[PDB]
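Only one structure is covered here, and it is reproduced in the block below.
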Amino acid sequence: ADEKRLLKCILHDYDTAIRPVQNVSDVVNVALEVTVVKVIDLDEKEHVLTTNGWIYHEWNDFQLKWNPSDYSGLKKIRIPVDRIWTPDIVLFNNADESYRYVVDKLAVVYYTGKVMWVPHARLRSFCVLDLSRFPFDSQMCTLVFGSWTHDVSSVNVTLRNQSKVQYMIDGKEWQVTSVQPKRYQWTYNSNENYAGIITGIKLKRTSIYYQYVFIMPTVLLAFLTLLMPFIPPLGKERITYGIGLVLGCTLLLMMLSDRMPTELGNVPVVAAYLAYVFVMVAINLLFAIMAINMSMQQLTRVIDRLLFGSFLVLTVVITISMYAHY
Amino acid sequence: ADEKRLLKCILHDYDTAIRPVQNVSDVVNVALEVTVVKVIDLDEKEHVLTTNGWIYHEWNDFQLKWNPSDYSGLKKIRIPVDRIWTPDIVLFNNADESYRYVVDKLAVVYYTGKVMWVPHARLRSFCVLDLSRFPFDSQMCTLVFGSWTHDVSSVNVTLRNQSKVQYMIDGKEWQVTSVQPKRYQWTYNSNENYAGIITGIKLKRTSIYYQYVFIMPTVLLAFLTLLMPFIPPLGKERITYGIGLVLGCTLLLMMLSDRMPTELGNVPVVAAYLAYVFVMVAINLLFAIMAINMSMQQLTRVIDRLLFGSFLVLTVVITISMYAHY
Amino acid sequence: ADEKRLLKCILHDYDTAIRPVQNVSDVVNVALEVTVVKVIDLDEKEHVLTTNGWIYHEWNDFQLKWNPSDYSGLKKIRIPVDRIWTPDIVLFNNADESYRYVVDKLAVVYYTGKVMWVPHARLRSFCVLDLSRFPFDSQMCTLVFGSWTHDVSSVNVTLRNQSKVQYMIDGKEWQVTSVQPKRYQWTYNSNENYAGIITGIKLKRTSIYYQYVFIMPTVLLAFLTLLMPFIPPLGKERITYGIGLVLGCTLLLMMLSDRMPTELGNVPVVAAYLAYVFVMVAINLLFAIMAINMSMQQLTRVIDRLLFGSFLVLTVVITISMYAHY
Amino acid sequence: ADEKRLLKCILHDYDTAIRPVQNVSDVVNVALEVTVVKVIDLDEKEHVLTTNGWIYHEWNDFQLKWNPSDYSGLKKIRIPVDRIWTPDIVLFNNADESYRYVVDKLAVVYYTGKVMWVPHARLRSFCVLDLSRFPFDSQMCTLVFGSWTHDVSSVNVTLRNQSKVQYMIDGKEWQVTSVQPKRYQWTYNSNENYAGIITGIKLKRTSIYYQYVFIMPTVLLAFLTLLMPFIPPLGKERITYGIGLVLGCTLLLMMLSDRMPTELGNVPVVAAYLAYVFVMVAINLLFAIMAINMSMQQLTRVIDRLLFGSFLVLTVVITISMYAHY
Amino acid sequence: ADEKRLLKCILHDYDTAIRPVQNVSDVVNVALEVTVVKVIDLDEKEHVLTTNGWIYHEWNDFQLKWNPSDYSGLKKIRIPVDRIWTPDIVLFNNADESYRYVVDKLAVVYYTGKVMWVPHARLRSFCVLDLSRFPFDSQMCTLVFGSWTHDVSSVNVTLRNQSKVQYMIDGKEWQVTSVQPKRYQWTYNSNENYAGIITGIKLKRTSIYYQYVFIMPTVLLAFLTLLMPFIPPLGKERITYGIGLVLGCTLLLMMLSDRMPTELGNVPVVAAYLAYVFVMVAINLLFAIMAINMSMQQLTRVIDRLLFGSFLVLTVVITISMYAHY
Ligand SMILES: *[C@@H]1O[C@H](CO)[C@@H](O)[C@H](O)[C@H]1NC(C)=O
Ligand SMILES: *[C@@H]1O[C@H](CO)[C@@H](O)[C@H](O)[C@H]1NC(C)=O
Ligand SMILES: *[C@@H]1O[C@H](CO)[C@@H](O)[C@H](O)[C@H]1NC(C)=O
Ligand SMILES: *[C@@H]1O[C@H](CO)[C@@H](O)[C@H](O)[C@H]1NC(C)=O
Ligand SMILES: *[C@@H]1O[C@H](CO)[C@@H](O)[C@H](O)[C@H]1NC(C)=O
């Protein structure tokens, strides 16, 4: 055969651990590129971002050299990674118990030693979610690619010469804004220095799920508490309303506690609003109890009207403070 | 033996990476067929469709050639895939961390080099679910099969010559409509072009689960709110009803939020209806509070009757807008 | 040694892929037996039945032959399956991503070529659950064993000669009735025919869990709705009862929706009973609202009594329709 | 080297399948000991007991013999199990898909052939939980260790000579009582007999979790129903109380159904008590409805007092029946 | 090549099991260091602490010796662990079924035999959580590193010479306080002694999640019960309030039972407070029932006022007992 003849004369003394270089002091310019093709999910229960992405590798090789003219062309050979040298580049923040590479069993090589291994991975990364703007947030996620084993004396992890990765993966759940990747030198200690590549994926929330399960029932309960103090205390239904509002706000807290995770850096604004409808039922229940105790002059109507006006201006300033997000 | 004699003279210099071809510029017509035998599940929490399917492969081989007449027949040999060449065809949208394969340890070969490897897989695919018609949807799922490693210069991923796959797997949960598969040339870049095969599985919802857990309690709460404004405000039970309707609609929202996932492209119509019963309770609670404040002329009966008529025509036009799905 | 001397002269040219036969047209009678020793679980969320079972294999061999008399007895040798031929028999309906096998690393061989490999597996099978009789069902489960790779021209998957597997594994959760296994010839196409073995495990429900979490609260709410219309409408508690019945039936629907899975072929009878207590609260709430509107002649007592009698006969005929299951 | 010289002359013809023995009719006394160091969890959803334990093995060897005096001592050599013979001892009731053995890559050998392989495993075992005493139960768990492959003609699975394993692992969740292990001969059939070792771990419940989430709210609802019939029926709050008791007992059933698993052999006593507070709320709601129908002579006070006394003596005899557990 | 020439003359007779030493009685000083870089999660459902950490290893070697001057420098060689000796150091409390290792496929070696293998792991450890201070706890976690296979006669697991690991990983969920690691000699038996290293990670709770889902609704329900007894019993709403308080406290118990795990050593103080609001509703419901029975002299106002004062002083002393934590 033709490919078998060249393959029998290119891995004669090739190990999967020898760094391909001519001079020991010389390094290898292992280029890298990250291309997220589809963001799978973002769960804040354990700060996990699952994406599907291509991890483009490109390093020069010294031993994979052949002349094409005596081998009848054959400028591209498909070589598995189990019989070729492989860099130890990994996610710095991995959530899986092990690092997995879908379709990582093949890698092309060129006639100039231009291995272009492109595996595809379900990357599970860790990002800091600023949930003070929840749900209408713009918290970017950073993915780190580097080698923990060898350092800048062995490899030089750089960005791709052509960095045309300024895409926008408009999904049905998030708006994805790609950031042009940067290179930073992470230092293990003072004497030794390493390399690393940061890529950024900004996520913009656009779904109307959280405006349906949280915002609309909370603003409707706020509207109900705003309409609460018009009922006279002698009707024997104001306290029943108030305790029904307590039960409804407790069910809203049950939904929020089952949905919003344990990771809090700042209190969410929907959680702050739920605290508000609560601190209202408590305040208007106190005023209703005091009104029905005073009823047993009819001064309570003016007190309820001024209380309604104060709650009106407080609720409208809280809702226009909330509306600055959207 | 007879099979051992032929097997000892067919893998003398066979590697698991050499592409079987005679001329380098020539390609191999790697045929493909997808046959879903049983759709396991469809979960919209992370856009996962789990199916059980056969992935029929058929490629011509150049090195697996023998004359049968001097080997006493033996037109079919069972050869494991670990000692034979294997294409790198995969799902383009895989949800598992690694590609699973059930019964992939054997593959038949013919005397003309007609390897017919048929593995079986639990394919976990990603589809775009148009949930605006939820639950009575007809959102098709697309499964993509292609090679990321080699391109049209090496293999040619084509359809089966006999494409008799127009079945209909009538299950107890979905109606499965198979679509005749098509071939599209996905391009990694401008200079290089690759191959891919799209197969389609249309899912028709036929279960009465979502008509029992969502539609019937929501239409019963709508019927209850329709019957609400007949109660006189002096009976001290209209506000109690209204707040009980608030609690019941909150429990319905709790069931919907625990069931309907975070992925929303459009608001579901059952979710829109749950918004309607909510906006009713709020509106009829406002009118009940204003009626019991006016009661403390008896004009409220005509107001409640016209309100009941307006709610009657609005509820019936909303239900006949809903009934166009079913 | 004695075993090492025979082992060094029995795997001289043995591969893990050569089918052991003398003539090519001859087949091998690969016998099979299934013995479920303990049914682990049955979850209807994805039609999964987890059992622990022995998969008895017995095939004649042509190459594993030795005379015992010159080897000092030694009629039984323990040989691992990694160095011996192995059939590709599998579950036709597997739920795991890969086929698991517990204690599959050893297999006895006899002096006549009588390999008796008995692995043990946690089989995850798929069955059609007729949930119209839920919870008091008798839906059998079918487990299929066959080879997808080779056909009746190579192996002949037959029953055990001694089929004494008519046991009864009486567990604390189910009653297990073993069915005598049958053999059917599944056909991949018209020209080629394959083999398969069906074994049956009938499951009888005997637990009092579903009679405690579903049947007793639903029949108690039905009893409460039966006792509902005796309250006079002027007591201002009939509508409160009715809405409390709505809340209780909604909590019952919440428990049922969180427990009963998405797979419905037919509506469960407990679900039908729940849709009935709901259709009652709705009907008696309508009659209570009309009675309190008519009260604002005292004809409502006779109407409530005839309504109570009609609901009495309807509830008793529904409960004696339900009682035919148990 | 010294260890390399002995290691190069001890595995010259050693396979991982030859049973180490001199005479074929002779057997090997493979001793065994189980030492649970920490019980991880016990979940009754699928009868799983997760423990961390040492599985001490000790078998005599015939081929691992050397004289120490010409090898400069070296009485202990660390040998991995991949290059030494290994018994096929396993859990008879395993919940994992495949057998795990954390720290199983090394095993010491002595100069007399005294291999002392001690792996450590997260054993997932199956026990029969007698939940009639739930939560204050004393249901022991049995762990079975035996070989399915070879029988008493090959190995003899016996106890340790020194059985000092009478410890007591006092944890924060359970009290662990070790049982001295026994040996039983499990029979695959009539002609052939095998060996097995039973070890027992008795679990005593001591946590106050289930006395907080179940016992205290149920006894408080029973106290509330005991205090229920003192309210006069003309106050229009007795029926509201009763339906609030129905809602509270329904929430208690929701907590119990979400916590107590589907496996029931007998009804739990806490489940029987929730059942009492229910049938109790039903009976006093019937008597309250009949009292408010009779009110529309004032004989109902004596009826309510005798009903309260009967409920008092019934509740106190039920609570002293419950108190015999604790 | 240069690296290939040295690599072909350094693993000539190297096995992955020979302990590298010159004299048999001599030991190897296998140093160790633990560096937690990011604490992933702490779940008390099964006492699991998931951290991401570096496990620094450093042992002297006897066989990995070369002179650099005739090899043109090359003081550092990257060698995979599959072809080099590896200590069996592990977590003593592991929650995973098998020991996972991220980037463990490479390890540097120096010219003096100074292997510096640094793998990175998602360590799942077990700690005793003193939940009597929940949520404002300071329960440290202990991670144990040692070898179960060989003992102090073979290796000597010691600290790093430079122990500069006094960092503080200030996260958004916990405050991490590193403890300087210590060495303890765990004994398998009396005759033999082993080695082990304890490292400590103290976790300080700083999130406001549990102050939002538990503390604020419980203190608001306590405030509501404090405001409860002012309502006159003739208003027919005191019993309705009390039963609404019962329903709200039951929903709070539902949230607590779904969140707080089964592992209890001591009752949490938030759980004790939830007991207090419950025992109040029960006590004030008893007093409300007795007041409405006495109403059917007006001495109940003074009784309610003294009851309110006693509940005021009891609630304020309970809240200032709670406030000592924060
Ligand atoms: C790695 O590449 C960067 C790119 O500018 C260069 O500045 C740096 O000197 C390189 N490192 C080495 C060791 O050559
Ligand atoms: C692959 O097959 C299609 C089928 O028509 C053909 O048009 C195309 O030219 C083929 N590609 C190559 C490279 O031969
Ligand atoms: C397989 O066994 C059945 C048992 O009766 C027999 O009828 C059939 O002919 C056999 N098949 C072959 C190919 O021998
Ligand atoms: C195995 O050991 C027991 C211990 O008493 C002994 O009774 C039995 O005979 C032994 N079995 C064989 C086959 O030697
Ligand atoms: C291990 O190191 C400690 C450090 O002080 C030392 O005391 C001890 O003797 C050493 N053990 C051996 C066996 O050398």
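Residue numbers (the entry's author numbering), protein chains in the order written: chain A, 12 to 307, 414 to 443; chain E, 12 to 307, 414 to 443; chain D, 12 to 307, 414 to 443; chain C, 12 to 307, 414 to 443; chain B, 12 to 307, 414 to 443.
Quick reminder that beta carbons are idealized off the backbone N, C-alpha and C, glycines included.
### Task
Evaluate the contact criterion for the region 240-260 of chain A versus the region 244-258 of chain E: three or more CB pairs, one atom per stretch, below 8 Å.
Under the three-pair Cβ rule at 8 Å, the region 240-260 of chain A counts as touching the region 244-258 of chain E.
### Query
Under the three-state reduction of DSSP, which class applies to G276/E: helix, strand or coil?
Taking the first residue of the second sequence as position 1, residue 276/E is located at position 265. When secondary structure is reduced to three states using DSSP, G276/E falls in the coil class, being assigned neither helix nor strand.
### Query
Quick one: is the Cβ of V163/E within less than 8 Å of any heavy atom of ligand 2?
For the purposes of this step, residue 163/E is taken as residue 152 along the second sequence, with counting starting at 1. For ligand 2, at least one heavy atom lies less than 8 Å from the Cβ of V163/E.
### Message
With a threshold of 8 Å, are at least 3 pairs of Cβ atoms found where one atom belongs to the region 102-113 of chain D and the other to the region 105-123 of chain E?
### Response
Counting Cβ pairs under 8 Å, three or more are found: they touch.
### Task
For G276/E, go through chain A and note every residue whose CB falls closer than 7 Å to its CB, in chain order.
Translated into positions along the second sequence, residue 276/E becomes position 265. In chain order: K183.
#### Entry: Below-9 Å beta-carbon distance, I250/E vs any chain A residue
As a working mapping, residue 250/E is identified with position 239 in the second sequence. For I250/E, at least one C-beta of chain A is nearer than 9 Å to its own C-beta.
### Query
Hey, out of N34/B, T27/B, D24/B and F137/B, whose CA is closest to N63/C's CA?
The residue given as residue 63/C occupies position 52 in the fourth sequence. Here the closest residue by C-alpha is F137/B.
### Query
With respect to the beta strand (DSSP E) encompassing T46/E, which residues constitute its N-terminal and C-terminal limits?
Here residue 46/E is taken as the residue at index 35 of the second sequence, counted from 1. Taken as a continuous stretch (DSSP letters only), the beta strand (DSSP E) holding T46/E covers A42 to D54.
### Identity of the residue in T217/B, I437/B, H131/B and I212/B nearest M179/B by Cα
Residue mapping note: residue 179/B aligns to position 168 of the fifth sequence, counting from 1. Nearest option by C-alpha distance: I212/B.
### Query
I think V155/D touches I66/D, with their Cβ atoms under 8 Å apart; what is that distance to the nearest whole Å?
Taking the third sequence and counting its residues from 1, one reaches residue 155/D at position 144. Taking the third sequence and counting its residues from 1, one reaches residue 66/D at position 55. At roughly 12 Å, the Cβ-Cβ gap does not stay under 8 Å, so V155/D and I66/D are not in contact.
### Query
From what residue to what residue does the alpha helix (DSSP H) around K175/C run?
The residue you call residue 175/C lines up with position 164 of the fourth sequence. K175/C -> no alpha helix (DSSP H), and no H or E assigned at all.
### Query
Given that a residue counts as buried once 16 or more other Cβ atoms are within 10 Å of its Cβ, and exposed if not, what is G426/A?
Looking up residue 426/A in the first sequence gives position 309. In the assembly as shown, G426/A is an exposed residue. Its beta-carbon has fewer than 16 other beta-carbons within 10 Å.
### Query
Taking 8 Å as the cut-off, does the CB of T169/D come closer than this to any heavy atom belonging to ligand 3?
Residue mapping note: residue 169/D aligns to position 158 of the third sequence, counting from 1. Yes, the Cβ of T169/D comes within 8 Å of a heavy atom of ligand 3.
### Query
At which residue ranges does the region 194-279 of chain E contain complete beta strand (DSSP E) runs of 3 or more residues, listed in the order of the chain?
DSSP runs (the beta strand (DSSP E)) wholly in the region 194-279 of chain E: 207-216.
### Task
Kindly indicate the opening and closing residues of the alpha helix (DSSP H) around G426/E.
Taking the second sequence and counting its residues from 1, the one referred to as residue 426/E is at position 309. Residue range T417 to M439 is occupied by the alpha helix (DSSP H) that includes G426/E.
### Message
Please determine whether the Cβ atom of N40/C lies at a distance below 8 Å from any heavy atom of ligand 4.
### Response
The residue given as residue 40/C occupies position 29 in the fourth sequence. Correct: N40/C has its Cβ closer than 8 Å to ligand 4.
### Task
Grab the span of the alpha helix (DSSP H) containing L18/D for me, first residue to last.
Along the third sequence, read from residue 1 onward, the residue named residue 18/D stands at position 7. Note, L18/D: alpha helix (DSSP H), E14 to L18.
### Query
From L60/D, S36/D, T97/D and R135/D, pick the residue whose C-alpha is nearest to that of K86/E; which is it?
Taking the second sequence and counting its residues from 1, one reaches residue 86/E at position 75. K86/E has its Cα closest to that of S36/D, out of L60/D, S36/D, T97/D and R135/D.
### Assigned secondary structure, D181/D (DSSP; H/G/I helix, E/B strand, else coil)
Residue numbering aside, residue 181/D sits at position 170 when the third sequence is read from its first letter. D181/D: strand per DSSP, three-state reduction.
### Message
Strictly under 9 Å for the Cβ-Cβ distance: is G255/B near chain C by that measure?
### Response
Within the fifth sequence, the letter at position 244 stands for residue 255/B. Contact of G255/B with chain C is assigned, a C-beta pair being separated by under 9 Å.
### Task
Indicate whether the contact test is met: 3 or more Cβ pairs, each with one atom in the region 117-137 of chain D and one in the region 72-91 of chain D, closer than 8 Å.
Counting Cβ pairs under 8 Å, three or more are found: they touch.
### Message
Using only the alpha-carbon positions, how far apart do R135/D and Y221/E sit?
### Response
Locating residue 135/D in the third sequence gives position 124, counting from the first residue. Locating residue 221/E in the second sequence gives position 210, counting from the first residue. Near 27 Å, if we compare the C-alpha coordinates of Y221/E and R135/D.
### Message
Quick check on the DSSP output: the beta strand (DSSP E) that includes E69/A runs from which residue to which?
### Response
In the first sequence, counting from the first residue as 1, residue 69/A sits at position 58. Membership of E69/A in the beta strand (DSSP E) is indicated by the continuous run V59 to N71.
### Query
For the putative contact between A302/C and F234/D, defined by C-beta atoms under 8 Å, what is the C-beta separation to the nearest angstrom?
By 1-based counting over the fourth sequence, the position of residue 302/C is 291. By 1-based counting over the third sequence, the position of residue 234/D is 223. Approximately 18 Å separates the beta-carbon atoms of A302/C and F234/D; this is outside 8 Å, ruling out the contact.
### Query
Name the chain B residues whose beta carbon is nearer than 9 Å to that of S218/C?
Taking the first residue of the fourth sequence as position 1, residue 218/C is located at position 207. Here the neighbours are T273, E274, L275 and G276.
### Query
Between the region 123-136 of chain C and chain D, which residues of the former have CB atoms less than 8 Å from a CB of the latter, in chain order?
Answer in chain order: no residues at all.
### Query
If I29/A sits next to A12/B, beta carbons under 8 Å apart, how far is it from one beta carbon to the other, in whole angstroms?
Translated into positions along the first sequence, residue 29/A becomes position 18. Translated into positions along the fifth sequence, residue 12/B becomes position 1. Indeed they touch by this definition, with Cβ atoms about 7 Å apart.
### Task
Could you say which of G207/B, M151/B and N277/B lies nearest to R216/B if we only look at CA atoms?
Along the fifth sequence, one-based indexing puts residue 216/B at 205. Comparing Cα positions, the closest option is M151/B.
### Query
Given 8 Å as the limit, is there contact between the region 267-281 of chain B and the region 269-282 of chain E, that is, 3 or more CB pairs closer than that?
Using a C-beta cut-off of 8 Å, the region 267-281 of chain B makes no contact with the region 269-282 of chain E, since fewer than three inter-stretch Cβ pairs fall below that distance.
#### Entry: Helix, strand or coil at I90/C [DSSP, three-state]
In the fourth sequence, the residue the question calls residue 90/C occupies position 79. In the structure shown, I90/C sits in a strand (DSSP, three-state: E or B).
### Query
Name the chain D residues whose beta carbon is nearer than 7 Å to that of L117/E?
Along the second sequence, one-based indexing puts residue 117/E at 106. Against chain D, a Cβ distance below 7 Å from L117/E picks out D99 and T160.
### When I437/B, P146/B, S189/B and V166/B are compared against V38/B, the one with the closest alpha-carbon
Translated into positions along the fifth sequence, residue 38/B becomes position 27. If we check each option's Cα against that of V38/B, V166/B comes out closest.
### Task
Evaluate residue 387/B with the Cβ neighbour count: other Cβ atoms within 10 Å of its Cβ, from every protein chain shown; 16 or more gives buried, anything less gives exposed.
It's not possible to place residue 387/B here, given that chain B moves directly from 307 to 414.
### Message
So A206/E and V163/E are supposed to be a Cβ contact under 8 Å. How far apart are they, rounded?
### Response
Locating residue 206/E in the second sequence gives position 195, where the first residue counts as 1. Locating residue 163/E in the second sequence gives position 152, where the first residue counts as 1. Between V163/E and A206/E the Cβ distance is about 6 Å, and since that is below 8 Å, they are a contact.
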